[PDB]
>>> print(open('upload_20.csv').read())   # CSV, N, CA, C and O atoms
chain,number,residue,atom,x,y,z
A,1,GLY,N,107.7,105.8,56.2
A,1,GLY,CA,107.7,106.7,57.3
A,1,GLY,C,106.5,107.7,57.2
A,1,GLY,O,105.5,107.5,56.6
A,2,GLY,N,106.7,108.9,57.8
A,2,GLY,CA,105.7,109.9,57.7
A,2,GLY,C,106.3,111.3,58.2
A,2,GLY,O,107.3,111.4,58.8
A,3,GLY,N,105.5,112.3,57.9
A,3,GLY,CA,105.8,113.6,58.3
A,3,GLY,C,104.5,114.4,58.5
A,3,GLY,O,103.5,114.1,57.8
A,4,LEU,N,104.6,115.4,59.3
A,4,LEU,CA,103.5,116.4,59.5
A,4,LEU,C,104.2,117.7,59.2
A,4,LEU,O,105.2,118.1,59.8
A,5,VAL,N,103.6,118.5,58.2
A,5,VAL,CA,104.1,119.8,58.0
A,5,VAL,C,102.9,120.8,58.2
A,5,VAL,O,101.8,120.5,58.0
A,6,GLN,N,103.3,122.0,58.5
A,6,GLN,CA,102.4,123.1,58.6
A,6,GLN,C,101.9,123.4,57.2
A,6,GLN,O,102.6,123.3,56.2
A,7,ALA,N,100.6,123.7,57.0
A,7,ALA,CA,100.0,124.1,55.7
A,7,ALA,C,100.8,125.3,55.1
A,7,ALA,O,101.2,126.2,55.9
A,8,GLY,N,101.2,125.2,53.9
A,8,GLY,CA,101.9,126.2,53.2
A,8,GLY,C,103.4,125.8,53.0
A,8,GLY,O,104.0,126.3,52.1
A,9,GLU,N,103.9,124.9,53.8
A,9,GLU,CA,105.3,124.5,53.7
A,9,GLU,C,105.4,123.4,52.6
A,9,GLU,O,104.4,122.9,52.0
A,10,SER,N,106.7,123.1,52.3
A,10,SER,CA,107.1,122.1,51.3
A,10,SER,C,107.6,120.8,51.9
A,10,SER,O,108.0,120.8,53.0
A,11,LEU,N,107.5,119.8,51.1
A,11,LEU,CA,108.1,118.5,51.4
A,11,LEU,C,108.5,117.8,50.1
A,11,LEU,O,107.8,117.9,49.1
A,12,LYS,N,109.7,117.2,50.2
A,12,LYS,CA,110.2,116.5,49.0
A,12,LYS,C,110.2,115.0,49.3
A,12,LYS,O,110.8,114.6,50.3
A,13,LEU,N,109.5,114.3,48.5
A,13,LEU,CA,109.5,112.8,48.6
A,13,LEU,C,110.4,112.3,47.5
A,13,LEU,O,110.6,112.9,46.5
A,14,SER,N,111.0,111.1,47.8
A,14,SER,CA,111.8,110.4,46.8
A,14,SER,C,111.6,108.9,46.9
A,14,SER,O,111.2,108.4,47.9
A,15,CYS,N,111.9,108.3,45.7
A,15,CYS,CA,111.8,106.8,45.6
A,15,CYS,C,112.9,106.4,44.7
A,15,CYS,O,113.1,106.8,43.6
A,16,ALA,N,113.7,105.5,45.2
A,16,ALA,CA,114.8,104.9,44.5
A,16,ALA,C,114.5,103.5,44.0
A,16,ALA,O,113.7,102.8,44.6
A,17,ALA,N,115.0,103.1,42.8
A,17,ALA,CA,114.8,101.8,42.2
A,17,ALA,C,113.3,101.5,42.0
A,17,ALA,O,112.6,102.3,41.5
A,18,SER,N,115.6,101.0,31.9
A,18,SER,CA,114.4,100.2,31.6
A,18,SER,C,113.1,100.9,32.0
A,18,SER,O,112.1,100.3,32.1
A,19,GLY,N,113.2,102.2,32.3
A,19,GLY,CA,112.1,103.0,32.9
A,19,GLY,C,111.1,103.6,32.0
A,19,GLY,O,111.4,104.6,31.4
A,20,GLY,N,109.9,103.1,32.1
A,20,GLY,CA,108.7,103.7,31.4
A,20,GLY,C,107.9,104.6,32.4
A,20,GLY,O,108.5,105.6,32.9
A,21,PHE,N,106.6,104.3,32.5
A,21,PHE,CA,105.7,105.2,33.3
A,21,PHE,C,106.1,105.2,34.7
A,21,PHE,O,106.4,104.1,35.3
A,22,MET,N,106.2,106.4,35.3
A,22,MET,CA,106.5,106.6,36.7
A,22,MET,C,105.6,107.6,37.2
A,22,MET,O,105.3,108.6,36.6
A,23,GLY,N,105.1,107.4,38.5
A,23,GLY,CA,104.2,108.3,39.1
A,23,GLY,C,104.1,108.2,40.6
A,23,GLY,O,104.6,107.3,41.2
A,24,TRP,N,103.4,109.2,41.1
A,24,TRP,CA,103.0,109.2,42.5
A,24,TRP,C,101.5,109.2,42.6
A,24,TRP,O,100.8,109.8,41.8
A,25,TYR,N,101.1,108.3,43.5
A,25,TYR,CA,99.7,108.2,43.8
A,25,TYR,C,99.6,108.6,45.3
A,25,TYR,O,100.5,108.5,46.0
A,26,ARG,N,98.3,108.9,45.7
A,26,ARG,CA,98.1,109.0,47.1
A,26,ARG,C,96.7,108.4,47.5
A,26,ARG,O,95.9,108.2,46.6
A,27,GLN,N,96.6,108.0,48.7
A,27,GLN,CA,95.4,107.5,49.3
A,27,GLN,C,95.2,108.0,50.7
A,27,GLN,O,96.0,107.8,51.6
A,28,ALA,N,94.0,108.6,50.9
A,28,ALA,CA,93.6,109.0,52.2
A,28,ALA,C,92.6,107.9,52.7
A,28,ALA,O,91.9,107.3,51.9
A,29,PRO,N,92.5,107.7,54.0
A,29,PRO,CA,91.6,106.7,54.6
A,29,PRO,C,90.2,106.9,54.2
A,29,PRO,O,89.7,108.0,54.1
A,30,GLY,N,89.6,105.8,53.8
A,30,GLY,CA,88.2,105.8,53.3
A,30,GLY,C,87.9,106.3,51.9
A,30,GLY,O,86.8,106.4,51.5
A,31,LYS,N,89.0,106.7,51.2
A,31,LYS,CA,88.9,107.2,49.9
A,31,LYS,C,89.6,106.3,48.9
A,31,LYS,O,90.5,105.5,49.3
A,32,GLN,N,89.3,106.5,47.6
A,32,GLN,CA,90.0,105.7,46.6
A,32,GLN,C,91.3,106.4,46.3
A,32,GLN,O,91.5,107.6,46.5
A,33,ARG,N,92.3,105.7,45.8
A,33,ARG,CA,93.6,106.2,45.4
A,33,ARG,C,93.5,107.2,44.3
A,33,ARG,O,92.6,107.0,43.4
A,34,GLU,N,94.3,108.2,44.2
A,34,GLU,CA,94.3,109.2,43.2
A,34,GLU,C,95.7,109.3,42.7
A,34,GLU,O,96.7,109.4,43.5
A,35,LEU,N,95.9,109.4,41.4
A,35,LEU,CA,97.1,109.7,40.7
A,35,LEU,C,97.4,111.2,41.0
A,35,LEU,O,96.5,112.0,41.0
A,36,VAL,N,98.7,111.5,41.4
A,36,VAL,CA,99.1,112.9,41.7
A,36,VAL,C,99.9,113.4,40.6
A,36,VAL,O,99.6,114.5,40.1
A,37,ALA,N,100.9,112.7,40.1
A,37,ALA,CA,101.9,113.2,39.1
A,37,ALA,C,102.5,112.0,38.4
A,37,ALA,O,102.7,111.0,39.0
A,38,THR,N,102.8,112.2,37.1
A,38,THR,CA,103.5,111.2,36.3
A,38,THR,C,104.6,111.9,35.5
A,38,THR,O,104.5,113.1,35.2
A,39,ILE,N,105.6,111.1,35.2
A,39,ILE,CA,106.6,111.5,34.2
A,39,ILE,C,107.0,110.3,33.4
A,39,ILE,O,107.0,109.1,33.9
A,40,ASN,N,107.2,110.5,32.1
A,40,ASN,CA,107.5,109.4,31.2
A,40,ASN,C,109.0,109.5,30.9
A,40,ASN,O,109.7,110.4,31.4
A,41,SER,N,109.5,108.7,30.0
A,41,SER,CA,110.9,108.5,29.7
A,41,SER,C,111.4,109.8,29.0
A,41,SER,O,112.6,110.0,29.1
A,42,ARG,N,110.6,110.5,28.3
A,42,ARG,CA,111.0,111.7,27.6
A,42,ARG,C,111.0,112.9,28.5
A,42,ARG,O,111.3,114.0,28.0
A,43,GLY,N,110.6,112.7,29.7
A,43,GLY,CA,110.5,113.8,30.7
A,43,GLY,C,109.2,114.6,30.7
A,43,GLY,O,109.1,115.6,31.4
A,44,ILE,N,108.2,114.1,30.0
A,44,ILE,CA,106.9,114.7,29.9
A,44,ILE,C,106.1,114.4,31.2
A,44,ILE,O,106.0,113.3,31.6
A,45,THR,N,105.7,115.5,31.8
A,45,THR,CA,105.0,115.4,33.1
A,45,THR,C,103.6,115.5,32.9
A,45,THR,O,103.1,116.0,31.9
A,46,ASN,N,102.8,115.1,33.9
A,46,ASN,CA,101.4,115.4,34.0
A,46,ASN,C,101.1,115.4,35.5
A,46,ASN,O,101.7,114.8,36.3
A,47,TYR,N,100.0,116.2,35.8
A,47,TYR,CA,99.6,116.4,37.2
A,47,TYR,C,98.1,116.3,37.3
A,47,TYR,O,97.4,116.7,36.4
A,48,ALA,N,97.6,115.8,38.4
A,48,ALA,CA,96.2,115.8,38.7
A,48,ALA,C,95.6,117.2,38.8
A,48,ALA,O,96.4,118.1,39.1
A,49,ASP,N,94.3,117.3,38.6
A,49,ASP,CA,93.7,118.6,38.6
A,49,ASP,C,93.9,119.4,39.9
A,49,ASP,O,94.0,120.6,39.9
A,50,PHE,N,94.0,118.6,41.1
A,50,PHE,CA,94.2,119.3,42.4
A,50,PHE,C,95.6,119.8,42.6
A,50,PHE,O,95.8,120.5,43.6
A,51,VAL,N,96.5,119.5,41.8
A,51,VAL,CA,97.9,120.0,42.0
A,51,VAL,C,98.0,121.5,41.8
A,51,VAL,O,98.7,122.1,42.6
A,52,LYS,N,97.4,122.0,40.8
A,52,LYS,CA,97.4,123.5,40.5
A,52,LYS,C,98.8,124.1,40.5
A,52,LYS,O,99.0,125.2,41.1
A,53,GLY,N,99.7,123.4,39.9
A,53,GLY,CA,101.1,124.0,39.8
A,53,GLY,C,101.9,124.0,41.0
A,53,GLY,O,103.0,124.5,41.0
A,54,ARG,N,101.5,123.3,42.1
A,54,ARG,CA,102.2,123.3,43.4
A,54,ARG,C,103.2,122.3,43.5
A,54,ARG,O,104.1,122.4,44.3
A,55,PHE,N,103.1,121.2,42.7
A,55,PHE,CA,104.0,120.1,42.8
A,55,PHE,C,104.9,119.9,41.6
A,55,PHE,O,104.4,120.3,40.5
A,56,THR,N,106.1,119.4,41.7
A,56,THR,CA,107.0,119.1,40.6
A,56,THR,C,107.5,117.7,40.8
A,56,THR,O,108.1,117.4,41.8
A,57,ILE,N,107.3,116.9,39.7
A,57,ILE,CA,107.9,115.6,39.6
A,57,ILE,C,109.1,115.7,38.8
A,57,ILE,O,109.2,116.4,37.7
A,58,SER,N,110.2,115.0,39.2
A,58,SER,CA,111.4,115.0,38.4
A,58,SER,C,112.1,113.7,38.5
A,58,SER,O,111.8,112.9,39.4
A,59,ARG,N,113.1,113.5,37.6
A,59,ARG,CA,113.8,112.3,37.5
A,59,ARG,C,115.3,112.6,37.9
A,59,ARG,O,115.8,113.5,37.3
A,60,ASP,N,115.9,112.1,38.5
A,60,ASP,CA,117.4,112.1,38.2
A,60,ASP,C,117.7,110.7,37.7
A,60,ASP,O,118.1,109.8,38.4
A,61,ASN,N,117.8,110.2,36.2
A,61,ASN,CA,118.0,109.0,35.6
A,61,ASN,C,119.2,108.2,36.0
A,61,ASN,O,119.4,107.1,35.5
A,62,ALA,N,120.3,108.8,36.6
A,62,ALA,CA,121.5,108.0,37.1
A,62,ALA,C,121.1,107.2,38.3
A,62,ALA,O,121.6,106.1,38.4
A,63,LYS,N,120.3,107.7,39.2
A,63,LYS,CA,119.9,107.0,40.4
A,63,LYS,C,118.6,106.3,40.4
A,63,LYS,O,118.3,105.5,41.3
A,64,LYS,N,117.8,106.6,39.4
A,64,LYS,CA,116.4,106.2,39.4
A,64,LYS,C,115.6,106.7,40.5
A,64,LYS,O,114.4,106.3,40.5
A,65,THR,N,116.1,107.3,41.2
A,65,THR,CA,115.1,108.2,41.9
A,65,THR,C,114.5,109.4,41.1
A,65,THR,O,115.2,110.1,40.3
A,66,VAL,N,113.2,109.3,41.5
A,66,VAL,CA,112.1,110.3,41.2
A,66,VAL,C,111.9,111.1,42.5
A,66,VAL,O,111.7,110.5,43.5
A,67,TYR,N,111.6,112.1,42.2
A,67,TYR,CA,111.2,112.9,43.3
A,67,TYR,C,109.8,113.6,43.1
A,67,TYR,O,109.4,113.7,42.0
A,68,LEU,N,109.2,113.9,44.2
A,68,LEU,CA,108.0,114.7,44.1
A,68,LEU,C,108.2,115.9,45.1
A,68,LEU,O,108.2,115.7,46.3
A,69,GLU,N,108.4,117.1,44.6
A,69,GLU,CA,108.5,118.3,45.4
A,69,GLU,C,107.1,118.8,45.5
A,69,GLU,O,106.5,119.2,44.5
A,70,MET,N,106.6,118.8,46.7
A,70,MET,CA,105.3,119.3,47.0
A,70,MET,C,105.4,120.7,47.8
A,70,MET,O,105.8,120.7,48.9
A,71,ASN,N,105.0,121.7,47.1
A,71,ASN,CA,104.9,123.1,47.7
A,71,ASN,C,103.5,123.4,48.1
A,71,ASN,O,102.5,122.8,47.6
A,72,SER,N,103.4,124.4,49.0
A,72,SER,CA,102.0,125.0,49.4
A,72,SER,C,101.0,123.9,49.7
A,72,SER,O,99.9,123.9,49.3
A,73,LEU,N,101.5,123.0,50.6
A,73,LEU,CA,100.6,121.9,51.0
A,73,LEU,C,99.4,122.4,51.8
A,73,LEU,O,99.5,123.4,52.5
A,74,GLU,N,98.3,121.7,51.7
A,74,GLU,CA,97.1,122.0,52.4
A,74,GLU,C,96.5,120.8,53.1
A,74,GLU,O,96.9,119.7,52.8
A,75,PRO,N,95.7,121.0,54.1
A,75,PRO,CA,95.1,119.9,54.9
A,75,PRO,C,94.5,118.8,54.0
A,75,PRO,O,94.6,117.6,54.4
A,76,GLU,N,93.9,119.2,52.9
A,76,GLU,CA,93.3,118.2,52.0
A,76,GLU,C,94.3,117.3,51.2
A,76,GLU,O,93.9,116.3,50.6
A,77,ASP,N,95.5,117.7,51.3
A,77,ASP,CA,96.6,116.9,50.7
A,77,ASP,C,97.1,115.7,51.6
A,77,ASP,O,97.9,114.9,51.3
A,78,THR,N,96.5,115.7,52.8
A,78,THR,CA,96.8,114.6,53.8
A,78,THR,C,96.4,113.2,53.2
A,78,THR,O,95.3,113.0,52.9
A,79,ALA,N,97.4,112.4,53.2
A,79,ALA,CA,97.3,111.1,52.5
A,79,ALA,C,98.6,110.3,52.7
A,79,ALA,O,99.6,110.8,53.1
A,80,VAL,N,98.5,109.0,52.4
A,80,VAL,CA,99.7,108.2,52.2
A,80,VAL,C,100.1,108.3,50.7
A,80,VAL,O,99.3,108.0,49.8
A,81,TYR,N,101.4,108.8,50.5
A,81,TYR,CA,101.9,109.0,49.1
A,81,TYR,C,102.8,107.8,48.8
A,81,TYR,O,103.6,107.4,49.6
A,82,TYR,N,102.7,107.3,47.5
A,82,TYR,CA,103.6,106.3,47.1
A,82,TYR,C,104.0,106.4,45.7
A,82,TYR,O,103.2,106.9,44.8
A,83,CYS,N,105.2,105.9,45.4
A,83,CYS,CA,105.7,105.9,44.0
A,83,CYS,C,105.3,104.6,43.3
A,83,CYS,O,105.1,103.6,44.0
A,84,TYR,N,105.1,104.7,42.0
A,84,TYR,CA,104.6,103.6,41.2
A,84,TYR,C,105.2,103.6,39.9
A,84,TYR,O,105.6,104.6,39.3
A,85,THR,N,105.5,102.4,39.4
A,85,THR,CA,105.9,102.3,38.0
A,85,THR,C,105.3,101.0,37.4
A,85,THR,O,105.0,100.1,38.1
A,86,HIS,N,105.2,101.0,36.1
A,86,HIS,CA,104.8,99.7,35.4
A,86,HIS,C,105.6,99.5,34.2
A,86,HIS,O,106.3,100.4,33.6
A,87,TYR,N,105.5,98.2,33.8
A,87,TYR,CA,106.3,97.6,32.7
A,87,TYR,C,105.3,96.8,31.9
A,87,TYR,O,104.5,96.1,32.4
A,88,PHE,N,105.4,97.0,30.5
A,88,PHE,CA,104.6,96.2,29.6
A,88,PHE,C,105.4,96.0,28.4
A,88,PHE,O,106.1,96.9,27.8
A,89,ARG,N,105.4,94.7,27.9
A,89,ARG,CA,105.8,94.5,26.5
A,89,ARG,C,105.1,93.3,26.0
A,89,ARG,O,104.6,92.5,26.7
A,90,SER,N,105.2,93.1,24.6
A,90,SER,CA,104.6,92.0,24.0
A,90,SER,C,105.6,91.5,22.9
A,90,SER,O,106.4,92.3,22.4
A,91,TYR,N,105.6,90.2,22.6
A,91,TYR,CA,106.4,89.7,21.6
A,91,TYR,C,105.5,88.8,20.7
A,91,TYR,O,104.5,88.2,21.1
A,92,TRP,N,105.9,88.8,19.4
A,92,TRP,CA,105.2,87.8,18.5
A,92,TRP,C,106.2,87.2,17.5
A,92,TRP,O,107.3,87.8,17.2
A,93,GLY,N,105.9,86.1,17.0
A,93,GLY,CA,106.8,85.3,16.1
A,93,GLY,C,106.6,85.8,14.7
A,93,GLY,O,105.8,86.7,14.4
A,94,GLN,N,107.5,85.3,13.9
A,94,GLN,CA,107.3,85.5,12.4
A,94,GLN,C,106.1,84.7,12.1
A,94,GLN,O,105.8,83.7,12.7
A,95,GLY,N,105.2,85.2,11.2
A,95,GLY,CA,104.0,84.5,10.9
A,95,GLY,C,104.3,83.3,10.1
A,95,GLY,O,105.4,83.1,9.5
A,96,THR,N,103.3,82.4,10.0
A,96,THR,CA,103.4,81.4,9.0
A,96,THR,C,102.1,81.5,8.2
A,96,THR,O,101.0,81.6,8.7
A,97,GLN,N,102.3,81.5,6.9
A,97,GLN,CA,101.1,81.6,5.9
A,97,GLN,C,100.5,80.2,5.9
A,97,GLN,O,101.1,79.2,5.7
A,98,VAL,N,99.2,80.2,6.2
A,98,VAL,CA,98.4,79.0,6.1
A,98,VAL,C,97.4,79.2,5.0
A,98,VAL,O,96.5,80.1,5.1
A,99,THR,N,97.5,78.4,3.9
A,99,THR,CA,96.5,78.5,2.8
A,99,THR,C,95.8,77.2,2.8
A,99,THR,O,96.4,76.1,2.8
A,100,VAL,N,94.4,77.3,2.7
A,100,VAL,CA,93.6,76.1,2.7
A,100,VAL,C,92.9,76.1,1.4
A,100,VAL,O,92.1,77.0,1.0
A,101,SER,N,93.1,75.1,0.6
A,101,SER,CA,92.5,75.0,-0.7
A,101,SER,C,91.4,74.0,-0.7
A,101,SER,O,91.6,72.8,-0.4
A,102,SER,N,90.2,74.5,-1.2
A,102,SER,CA,89.1,73.6,-1.7
A,102,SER,C,87.8,74.3,-1.3
A,102,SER,O,87.2,75.0,-2.0
>>> encode(input="upload_20.csv", output="structure tokens")
Amino acid sequence: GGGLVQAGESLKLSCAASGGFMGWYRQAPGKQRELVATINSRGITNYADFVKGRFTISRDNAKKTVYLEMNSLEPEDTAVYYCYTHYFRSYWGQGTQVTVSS
């Protein structure tokens, strides 16, 4: 969906649905996507340089929703915002020793 807010007002975004890296990105027309905020499994947050303390990313882990509370919005914050997560793992076998004699 979408919303229009007056500059200075707040908007809370949420995204529902093993959790590693979680974040919000945004994309304005004709521009490249920008990371806005991330939170990891330990609750450590990070924010893009343009956030300037105005936004708060949070987890509630029972629902898997994330939230992005955006305060003091400005016209330059106009964009499509989306939640993102990724998953990575690797597996390896027990090694076998190969010795080549000669």
>>> atom_distance(input="upload_20.csv", atom1="atom O of residue 62 of chain A", atom2="atom N of residue 21 of chain A")
16.2 Å
>>> atom_distance(input="upload_20.csv", atom1="atom CA of residue 69 of chain A", atom2="atom CA of residue 10 of chain A")
7.2 Å
>>> closest_residue(input="upload_20.csv", among="A:71, A:54, A:45, A:23", to="residue 7 of chain A", atoms="only N, CA, C and O atoms")
A:71
>>> select_by_dssp(input="upload_20.csv", residues="segment 31-95 of chain A", states="strand (DSSP E or B)", output="PyMOL selection string")
chain A and resi 34-39+45-47+55-60+65-70+80-85
>>> closest_residue(input="upload_20.csv", among="A:82, A:88, A:51, A:60", to="residue 18 of chain A", atoms="only N, CA, C and O atoms")
A:88
>>> closest_residue(input="upload_20.csv", among="A:80, A:35, A:68, A:44", to="residue 20 of chain A", atoms="only C-alpha atoms")
A:44
>>> closest_residue(input="upload_20.csv", among="A:31, A:79, A:12, A:24", to="residue 48 of chain A", atoms="all atoms listed in the file")
A:24
>>> closest_residue(input="upload_20.csv", among="A:96, A:40, A:78, A:101", to="residue 3 of chain A", atoms="all atoms listed in the file")
A:78
>>> atom_distance(input="upload_20.csv", atom1="atom N of residue 53 of chain A", atom2="atom CA of residue 11 of chain A")
15.1 Å
